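Okay, here's what each chain looks like letter by letter:
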Amino acid sequence: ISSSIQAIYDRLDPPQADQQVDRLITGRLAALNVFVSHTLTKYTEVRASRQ
Amino acid sequence: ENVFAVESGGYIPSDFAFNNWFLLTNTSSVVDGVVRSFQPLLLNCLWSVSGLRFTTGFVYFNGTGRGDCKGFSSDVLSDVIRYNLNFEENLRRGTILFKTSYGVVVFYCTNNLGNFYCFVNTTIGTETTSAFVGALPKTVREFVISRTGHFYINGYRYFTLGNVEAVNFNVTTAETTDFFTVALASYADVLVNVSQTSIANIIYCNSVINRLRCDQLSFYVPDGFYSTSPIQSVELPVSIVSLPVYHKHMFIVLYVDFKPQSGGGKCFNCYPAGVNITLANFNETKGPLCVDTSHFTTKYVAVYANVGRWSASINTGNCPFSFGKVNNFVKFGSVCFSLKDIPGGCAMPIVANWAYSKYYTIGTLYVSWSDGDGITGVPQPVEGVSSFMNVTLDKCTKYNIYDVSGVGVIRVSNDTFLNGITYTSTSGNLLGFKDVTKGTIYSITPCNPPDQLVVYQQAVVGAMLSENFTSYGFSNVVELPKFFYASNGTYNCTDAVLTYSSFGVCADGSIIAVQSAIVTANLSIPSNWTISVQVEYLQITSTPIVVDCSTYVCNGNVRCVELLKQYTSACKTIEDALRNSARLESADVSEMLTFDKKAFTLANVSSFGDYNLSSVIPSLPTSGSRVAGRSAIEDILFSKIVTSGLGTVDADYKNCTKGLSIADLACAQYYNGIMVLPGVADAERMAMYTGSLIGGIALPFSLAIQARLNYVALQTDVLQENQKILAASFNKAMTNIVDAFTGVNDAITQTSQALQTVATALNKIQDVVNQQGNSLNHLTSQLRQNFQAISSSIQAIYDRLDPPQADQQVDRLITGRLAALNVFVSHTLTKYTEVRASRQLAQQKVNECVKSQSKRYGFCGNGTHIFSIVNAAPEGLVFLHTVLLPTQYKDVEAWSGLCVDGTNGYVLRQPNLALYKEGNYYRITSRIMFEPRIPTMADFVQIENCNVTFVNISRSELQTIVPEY
Amino acid sequence: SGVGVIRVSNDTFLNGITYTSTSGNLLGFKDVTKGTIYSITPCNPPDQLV
Amino acid sequence: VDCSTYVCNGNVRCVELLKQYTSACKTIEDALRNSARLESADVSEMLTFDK
Amino acid sequence: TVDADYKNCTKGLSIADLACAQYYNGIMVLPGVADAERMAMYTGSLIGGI
Amino acid sequence: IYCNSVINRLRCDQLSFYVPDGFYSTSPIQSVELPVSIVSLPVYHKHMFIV
Ligand SMILES: *[C@@H]1O[C@H](CO)[C@@H](O[C@@H]2O[C@H](CO)[C@@H](O[C@@H]3O[C@H](CO[C@H]4O[C@H](CO)[C@@H](O)[C@H](O[C@H]5O[C@H](CO)[C@@H](O)[C@H](O)[C@@H]5O)[C@@H]4O)[C@@H](O)[C@H](O[C@H]4O[C@H](CO)[C@@H](O)[C@H](O)[C@@H]4O[C@H]4O[C@H](CO)[C@@H](O)[C@H](O)[C@@H]4O)[C@@H]3O)[C@H](O)[C@H]2NC(C)=O)[C@H](O)[C@H]1NC(C)=O
Ligand SMILES: *[C@@H]1O[C@H](CO)[C@@H](O[C@@H]2O[C@H](CO)[C@@H](O[C@@H]3O[C@H](CO)[C@@H](O)[C@H](O)[C@@H]3O)[C@H](O)[C@H]2NC(C)=O)[C@H](O)[C@H]1NC(C)=O
Ligand SMILES: *[C@@H]1O[C@H](CO)[C@@H](O[C@@H]2O[C@H](CO)[C@@H](O)[C@H](O)[C@H]2NC(C)=O)[C@H](O)[C@H]1NC(C)=O
Ligand SMILES: *[C@@H]1O[C@H](CO)[C@@H](O[C@@H]2O[C@H](CO)[C@@H](O)[C@H](O)[C@H]2NC(C)=O)[C@H](O)[C@H]1NC(C)=O
Ligand SMILES: *[C@@H]1O[C@H](CO)[C@@H](O[C@@H]2O[C@H](CO)[C@@H](O)[C@H](O)[C@H]2NC(C)=O)[C@H](O)[C@H]1NC(C)=O
Ligand SMILES: *[C@@H]1O[C@H](CO)[C@@H](O)[C@H](O)[C@H]1NC(C)=O
Ligand SMILES: *[C@@H]1O[C@H](CO)[C@@H](O)[C@H](O)[C@H]1NC(C)=O
Ligand SMILES: *[C@@H]1O[C@H](CO)[C@@H](O)[C@H](O)[C@H]1NC(C)=O
Ligand SMILES: *[C@@H]1O[C@H](CO)[C@@H](O)[C@H](O)[C@H]1NC(C)=O
Ligand SMILES: *[C@@H]1O[C@H](CO)[C@@H](O)[C@H](O)[C@H]1NC(C)=O
Ligand SMILES: *[C@@H]1O[C@H](CO)[C@@H](O)[C@H](O)[C@H]1NC(C)=O
Ligand SMILES: *[C@@H]1O[C@H](CO)[C@@H](O)[C@H](O)[C@H]1NC(C)=O
Ligand SMILES: *[C@@H]1O[C@H](CO)[C@@H](O)[C@H](O)[C@H]1NC(C)=O
Ligand SMILES: *[C@@H]1O[C@H](CO)[C@@H](O)[C@H](O)[C@H]1NC(C)=O
Ligand SMILES: *[C@@H]1O[C@H](CO)[C@@H](O)[C@H](O)[C@H]1NC(C)=O
Ligand SMILES: *[C@@H]1O[C@H](CO)[C@@H](O)[C@H](O)[C@H]1NC(C)=O
Ligand SMILES: *[C@@H]1O[C@H](CO)[C@@H](O)[C@H](O)[C@H]1NC(C)=O
Ligand SMILES: *[C@@H]1O[C@H](CO)[C@@H](O)[C@H](O)[C@H]1NC(C)=O
């Protein structure tokens, strides 16, 4: 429904709200896992550059 | 008796066996694992009753009527009563009675198909509606009643009774030896270690450190820096801001009335009598009731009594909001309600239910809307043209500001901006807003932004804060260039146990920053030499993991596998990335682990005399089935480190379908298609490699070890005093580090240089084990997650649905589970790249330190190096380095210049060193050190002069300097 | 629900009626009337081919 | 990254729901922490001094 | 930004700059491992090596 | 090729006419139809047909 997680809880009964929020949790954990790959990649490239 | 005194505050003492106390469940009790849950394990009172006599009593969850409590007490409203039974007549006679808010309920069991069945006598008005409820589980050892009427027997919820005031349990006891304990308990938040489906040990997530254990599912937390946000204030003011608007106002009031059936002539639970429902002002001759006004409010009115176990409610049904919840500033372009169906609108069922066990849509509310705005739902009435702004400055607040909502601290701010009315980050969070009527700018700070905690030896030793006051109960704060730091630090330490960029933290939690032969001189030199053994660990490998992608994704379901084929090469690319990287680890480690039979037979205590290397040489093959076995320090190390509850890598598949017992983690993850390959570095091949490499120093053996001293010290250190006493000193140092691995022994500061390295090594090894466990846990646990489908159980989808519709549900699970694999592949490949660097460092450490004698400083221990020992460790090699250190540190004087035949003078161009004379010898050494090592040609230049600051010598006495001048 | 081989097993456990992995798969169950414990093995777990 | 704060924006109901994502945050944030510790070690080793 | 400084991010006297705004999202840039002082020290020593 | 033999199934499931030397995971094909087993807690068997 929204990116504003508080707005989901403002709108909905908790059983239905939690299944909306599971979409945001699953998305945001994927967004972190992408950023971790960017970060680790850059450290490996930089480790070669430092050597 | 096996019963205990409750600790003050209500906790269960950490040594307790949990002998017949069960982890409660609504379903699916875990076999082995670490789990975090709310459980009734915080105890408000506990006592026992014993079968010499019997007493019958009614115990109220408010604590009334309880027994004589042990160790501690509290008078709060309990959530649960636990009865724990020592004895064998179980529930097969006697009764349990519940004073329910409307009457007495009796539970009892009977066998009058020779086994026992259980029945509940709900009694109302003195008519008894006796009901069956289940078979009795065979050996009742615990049963538990919640205040909300859940009844758990042996840790499973057999049924529910609805709210209870008081419980009585009534028994006649065959012996004086019979007893049961009783406990009144409250739901508390705990981390639990479960083995063979029984509680082994627990911790409570109450203290700052235990919360950091719980939130990482680990009983041990490795040293490091951990992010945490402190728990937020339990209830919050509300603040509201909006643009002024004409306050035309409306109430949507919904009234629900219904009656029970009664007297059994119409059966009390069977369908609601007397149902009446209305909206106010729903004159349906006008059509659906519509919100004409700018602000509206929703009210639900319960006209019915809560007679018996009857309840009623609105539910969201299929709407993107709930009735009631639309009062929270939800906005619409138009919204309308009806009790007759309306087109395109969702419907909210007006549900009555009895006992949460029979449910009736006594009506429904039909609701329809346009998105947009001009209609807002609000908590309470409003009037006129003027509109309030309601704000709670400087306190954490729940806000709805210009139709944006969240939680934070609202504060008036020094900025002025012409533009806009709300200000936001890239992430769309509110950062501030403008009071449009007044031109003031307010800023939003999230209350409890993340702090960061420094953990060292499983206490929080300090914290890093965005503000200048002592969170976490620390004593003092200091400013630093980019944050505040808070600690119980005395600022009187110099050795850092952790480092974080430019900053070192010492063991007190206190924080710090980190970084002559020319002269007739007085300089300070060790007249005695002492040796220390220093310990370092490098990971050599990680146990390769290969996943059968088809089995992981589809759980073996045949329809799923046919659908998975459409994901062209998706499995192929995942599983081949894991296979290729496993093949490279196997090649590299197998290349590294050499052997040499000659050196291996020499690698023995017989070959070392005074030097008690007995603890580090590989053991004889007492089994005969091997060339070698683990050393004493290897067995201590492998046994001292707890294999993770989150996922094993010591897998063995040859029992996983013989099936004589319920699967351990190794088989349980193999069922999910995850295979740990056999370790590339077998304990035999490690003992062979390591033994050969220790034997490489025997290639007279103590005299060769003494020759390694001679690179520091020629003349003195071959004297029997040094030969014997340095060997005795080595044996003492070895005795200290083998004790330190064997068990916790306190380090004084002098031993702490060595003993901190042992503590550092064990924390690094336990961290490697725990990271491997977590990586594997995150993969297996994702199978439990349903990716916006009906269920994670792929067979259940096919049980429910026609194949065309089922396959589109399953595509959600396939897409999710292929993403979960792709994440695990990145974890795995990352760890192999980190380990490849660690392995490369380790094999050059083997060359320089272990085989050679390293000429570097600080590369093998903080001290002057003589030799190294290696041993196996978890996924690892561990190193012992032996190093020589100043003692009896005092003046030994040093000379600029030497005067030759009393007539010619010698001046020296070797500033890296110090030059000194003793016992008819002259010796040149690093500026503060006691190396009896001789000077050389072209260190000295010669002049037709002498000075009184020189020493005096003939051209034959020059032989003490060199034979060459 | 699922597919697998159900087998009577040597274990005894007091707790629960169903037993599960971290992945939420059934690993076994208890016949509540009789106190026997049964274990579930998935038929055709992955082998590996050279 | 504080994975809990990134995913849930500090909302308390969300954090209780996020606990069900067993070790998902733990593996993200420990990968970032371990790699940060290695960068700090390597650069701190490289940047010598001689008065 | 990566030139972060957290010691103003809750004093709150002005609306957050990017450094605080991303810290609100739980993203922390650690202090640079190579401080301008430690760089000047390393570099100076290494130029002095001639 | 026809995905009938053990090796040809391993070719087909990798979309390759050539399979490189190595170790390949496979689960053998399952029995074509299955008995049904049912377990449930005892309950009062009041019964109805929706025809
Ligand atoms: C099998 O399934 C059943 C359901 O079929 C599960 O039953 C539920 O279990 C959960 C816990 O897992 C229960 O929640 C806890 O209930 C405690 C008692 O709550 C009742 O009384 C309080 C007032 O005393 C009411 O507020 C509750 O709810 C009502 O009020 C809210 C207000 O928002 C309404 O929304 C509801 O509609 C109700 O009208 C209940 O009537 C309660 O104390 C407990 O609170 C702690 O935990 C929450 C988070 O879960 C914290 O926010 C809160 O701050 C409390 O924790 C802190 O406070 C304690 C105080 O001593 C301190 O020690 C610490 O500081 C601590 O951090 C929580 O709400 C739920 O009520 C229950 N439902 C039913 C219907 O029974 C079973 O548990 C499950 N079994 C297993 C084994 O999994
Ligand atoms: C979680 O709970 C289980 C069960 O208590 C713990 O496993 C047990 O751990 C103990 C040591 O804490 C092991 O005991 C040792 O076993 C060896 C080998 O038999 C023996 O030589 C030692 O003298 C000692 O007895 C025990 O074997 C092990 N039991 C099982 C069934 O695994 C586990 O360690 C707990 N985890 C945590 C983090 O608390
Ligand atoms: C616990 O709840 C019980 C039941 O409501 C309370 O006991 C009753 O209290 C009323 C008012 O004093 C009396 O009329 C009843 O006769 C009491 N019954 C019994 C058996 O005592 C009790 O007072 C409550 N206790 C606490 C600590 O709140
Ligand atoms: C629970 O209620 C049932 C039904 O009222 C009780 O069983 C009846 O008890 C009376 C008196 O002994 C007998 O006349 C009936 O023939 C019984 N009916 C059946 C079906 O057995 C039962 O005794 C109550 N449970 C108790 C008191 O433990
Ligand atoms: C830092 O010092 C403070 C005292 O200045 C310690 O505070 C105690 O904490 C324990 C555990 O919560 C309490 O039982 C005590 O009552 C507290 N004492 C006071 C005076 O507040 C704190 O534990 C110390 N922390 C560390 C890690 O050293
Ligand atoms: C208590 O249990 C005994 C079992 O012998 C039974 O005879 C008695 O009627 C019970 N009394 C109550 C009040 O449940
Ligand atoms: C119930 O079990 C007891 C146990 O000895 C037995 O004596 C009695 O006959 C049984 N009653 C029945 C089957 O009705
Ligand atoms: C239904 O309930 C409402 C609210 O109490 C009331 O106005 C109305 O008279 C009741 N009866 C009918 C037939 O609507
Ligand atoms: C602000 O909201 C609170 C919440 O109860 C209320 O008590 C107070 O009257 C409100 N102030 C104004 C100006 O409406
Ligand atoms: C505060 O506001 C005034 C006027 O906007 C400005 O001169 C001053 O520099 C500001 N100081 C800070 C710290 O924002
Ligand atoms: C921070 O706290 C300390 C100790 O109370 C105090 O001396 C100092 O003035 C405070 N302010 C700053 C900016 O350091
Ligand atoms: C502070 O450290 C110095 C040097 O180690 C020591 O002499 C002194 O005793 C220490 N003081 C305390 C009490 O920590
Ligand atoms: C060590 O050497 C001695 C003889 O030098 C020999 O008797 C003994 O068996 C050897 N021990 C081992 C385990 O190699
Ligand atoms: C070597 O040290 C170990 C320490 O446990 C001891 O058991 C052994 O007897 C010692 N052997 C010699 C030759 O000193
Ligand atoms: C495998 O089963 C056999 C049965 O003979 C047993 O002896 C062995 O200990 C079991 N091993 C494991 C790791 O389950
Ligand atoms: C190295 O050892 C010396 C002498 O024990 C000690 O003063 C110094 O602080 C140590 N430095 C490190 C980095 O361990
Ligand atoms: C089989 O069960 C009995 C009793 O539970 C136990 O003594 C025995 O050790 C078990 N053996 C195995 C291999 O599970
Ligand atoms: C932080 O606030 C202080 C207020 O005294 C100000 O002097 C300083 O310039 C600010 N620094 C940053 C980076 O915001």
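Here goes a summary of the coordinates provided.

Conventions and cut-offs
Residues numbered from 1 in each chain as written, not as in the entry; some residues may be left out. Chains lettered and ligands numbered in written order. Part of a larger assembly, values for the part shown. Heavy atoms only, no water. Helix = DSSP H or I, 4+ residues; strand = E, 2+ residues; numbered from the N terminus. Rg over C-alpha atoms; globule rule 2.2 N^0.38 Å. Contact = heavy atoms within 4.5 Å. Buried < 20%, exposed > 50% of the residue type's maximum accessible area, 1.4 Å probe, protein only. Salt bridge = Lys/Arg side-chain N within 4 Å of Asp/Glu carboxyl O. Core = buried A, V, L, I, M, F, W, Y, C linked by side-chain atoms within 4.5 Å. Patch = residues over 30% accessible without salt bridge, like charges linked within 9 Å, V, L, I, M, F, W, Y side chains within 5 Å. Areas by Shrake-Rupley, 256 points an atom, 1.4 Å probe, with all protein chains shown as cover. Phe/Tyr/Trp six-rings, centres within 6.5 Å; stacked < 30°, edge-to-face > 60°. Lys NZ or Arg CZ within 6 Å of the ring centre and 35° of its normal. Expected span 1.5 Å × (residues − 1). Arc of directions from axis to C-beta. Polar contact = N/O pair within 3.5 Å; in protein donor to acceptor, adjacent residues only side chain to side chain. Disulfide = S-S within 2.5 Å. Nonpolar A, V, L, I, M, F, W, Y, C, P; charged D, E, K, R; others polar. Pairing = 2+ DSSP bridges. Axes fitted to C-alpha atoms, helices over the stretch in contact; angles between N-to-C directions.

If you tally the helices and strands in chain D, you get 3 helices and 0 strands. Element order for chain D, N to C, with α for helix and β for strand: α-α-α. A compact globule built from 51 residues should have a C-alpha radius of gyration of about 10 Å, whereas chain D, at 17 Å, is more than 25% larger. Projected onto its principal axes, the C-alpha coordinates of chain D cover approximately 55 × 20 × 10 Å.

Sorting the 8 pairs of chains in contact by contact count puts chains B and C at the top. A gap remains between chain A and chain C, which never touch, and the nearest two C-alpha atoms on either side lie 17 Å apart. Without any contact between them, chain C and chain E keep their closest C-alpha atoms 29 Å apart.

Although it is not a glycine, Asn555 of chain B adopts a positive phi angle of roughly 55°. In this fold, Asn555 of chain B is placed in the loop between α2 (549–554) and α3 (558–564). Relative accessible area serves as the criterion here: at 36%, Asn555 of chain B is assigned to the partly exposed category. Here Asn9 of chain D, not a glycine, exhibits a phi torsion of approximately 55°, which is positive. Tracing the sequence through the fold places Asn9 of chain D in the loop between α1 (3–8) and α2 (12–18).

Opposite charge on two side chains lets them pair, provided their charged atoms get close. Considering all chains together, one arrives at 30 salt bridges over all chains under this definition. One salt bridge connects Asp373 of chain B with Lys331 of chain B, and the closest N-O pair in it is separated by 3.6 Å. Separated by 42 residues along the polypeptide, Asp373 of chain B in strand β24 (residues 358–377) and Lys331 of chain B in strand β22 (residues 331–338) bring together distant segments of the chain. Using a relative accessible area of 51% as the deciding quantity, one classes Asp373 of chain B as exposed. Salt-bridge contacts for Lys654 of chain B lead to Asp652 of chain B; the nearest nitrogen and oxygen are separated by 2.8 Å. One connected set of salt bridges, linked through shared partners, spans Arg47 and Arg50 of chain A together with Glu39 and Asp42 of chain D.

Here we take up the nonpolar core. Soluble globular proteins tend to pack their nonpolar side chains together in the buried interior. Residue and element names in this part refer to chain B. Core analysis: the biggest nonpolar cluster contains 46 residues, and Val535, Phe730, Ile737 and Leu880 have the highest contact counts within it. Contributions of two or more residues to this core are made by β37 (524–539), α6 (632–640), α9 (701–710), α10 (720–742), α11 (749–782), β40 (864–873) and β41 (876–891). For this core, the element with the highest residue contribution is α10, accounting for 9 residues. Beyond its immediate stretch of four places on either side in the chain, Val535 contacts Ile737, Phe741, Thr757, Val758, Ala761, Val878, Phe879 and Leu880. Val105, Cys118, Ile153 and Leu184 belong to the second-largest nonpolar core, a separate cluster that totals 38 residues.

All right, on to a nonpolar patch on the surface then. Taken together, the side chains of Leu714, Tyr921 and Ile934 of chain B define a hydrophobic patch exposed on the protein surface, amounting to about 250 Å² of accessible area. Its place among the elements puts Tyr921 of chain B in strand β45 (residues 921–926).

Each aromatic ring pair is described using two quantities: the centre-to-centre distance and the angle formed by the ring planes. Residue and element names in this part refer to chain B. Taken as a whole and assessed by the stated rule, the structure comprises 48 aromatic pairs over all chains. Each ring, one from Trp310 and one from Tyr360, has its centre 5.8 Å from the other, and the planes form 40°; the classification is tilted. Highlighted residues: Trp310 in strand β21 (residues 310–314) and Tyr360 in strand β24, separated in sequence by 50 residues. Look at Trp310 and you get buried, because its relative accessible area is 2%. Here the aromatic cluster, defined as three or more aromatic residues joined through ring pairs, consists of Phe54, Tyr83, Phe87, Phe98, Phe107, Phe143, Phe151, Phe159, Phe169 and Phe180. The ring centre of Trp354 lies 5.0 Å from the NZ or CZ of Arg309, which sits over that ring. The ring of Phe859 has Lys845 sitting right over it, with the charged end atom 4.5 Å from the ring centre.

Residues and elements named next belong to chain E. Between the first and last C-alpha of helix α2 (residues 36–48) there are 18 Å, a value that for 13 residues agrees with the 18 Å anticipated at 1.5 Å per step. Buried residues of α2: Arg38, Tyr42 and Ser45, and no others. Looking down the long axis of α2, one finds its buried residues gathered within 65° of arc, a one-sided arrangement. α2 presents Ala36, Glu37, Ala40, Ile47 and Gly48 as exposed residues on the side facing more than 90 degrees away from its buried surface. With a side-chain oxygen lying 2.9 Å from the backbone nitrogen of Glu37, the N-terminal cap of α2 falls on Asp35.

Attention shifts here to the side chain of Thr100 of chain B. All names here are of chain B. You can see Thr100 is positioned in strand β5 (residues 95–100). On the accessibility criterion, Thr100 (7% relative accessible area) is buried. Contact partners of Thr100, with chain neighbours within four places excluded, come to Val105, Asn163 and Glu165.

This next bit is on the state of the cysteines. The full count for this structure, using the stated rule, is 17 disulfides over all chains. The partner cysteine of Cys493 of chain B in its disulfide is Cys506 of chain B, sulfur to sulfur 2.0 Å. As the torsion about the S-S bond is roughly -85°, the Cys493 of chain B-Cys506 of chain B disulfide counts as left-handed. Pair noted here: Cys493 of chain B is in the loop between β33 (483–487) and β34 (496–500) and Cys506 of chain B is in strand β35 (residues 503–506), with a separation of 13 residues, a long-range link. Through a disulfide, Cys3 of chain D is tied to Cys25 of chain D; the S-S separation comes to 2.0 Å. Torsion about the S-S bond of the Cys3 of chain D and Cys25 of chain D cystine: about -70°, corresponding to left-handed handedness. Here the residue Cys3 of chain D occupies a position in helix α1, and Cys25 of chain D occupies one in helix α3 (residues 24–46), the gap between them amounting to 22 residues. You can call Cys3 of chain D buried: its relative accessible area is 0%. The class for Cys25 of chain D is buried, based on a relative accessible area of 15%. In chain D, the bonded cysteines, taken in the order they occur along the sequence, pair up as 1-4, 2-3. Among the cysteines around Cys43 of chain C, which has no disulfide bond, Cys554 of chain B carries the closest sulfur, lying 14 Å off. A relative accessible area of 25% places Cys43 of chain C in the partly exposed class.

In this section: the interface of chain D and chain B. The interface of chain D with chain B comprises 20 residues on the first partner and 27 residues on the second. Counting across the chain D and chain B interface gives 0 salt bridges. Scanning the region where chain D abuts chain B turns up 7 residue pairs in polar contact. Counting residues per element, the ones that place at least two in the side of chain D that touches chain B are α2 and α3 of chain D. The element that contributes the greatest number of residues to the side of chain D that touches chain B is α3 of chain D, accounting for 8 residues. Classifying every residue of the side of chain D that touches chain B gives 5 nonpolar, 9 polar and 6 charged.

Moving on to the sheet that holds β34 of chain B. All names here are of chain B. The 3 strands are arranged β34-β35-β36 in an open sheet whose pairing can be described as antiparallel. Two strands in the sheet have a free side with no partner beyond their single neighbour: β34 and β36 (511–513). This sheet shows a mean twist of 35° between the axes of neighbouring strands, independent of strand direction. In this sheet, β36 lies alongside β35 in antiparallel orientation, the contact comprising 3 bridges. Across the sheet, the residue bridging to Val505 is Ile511, located in β36.

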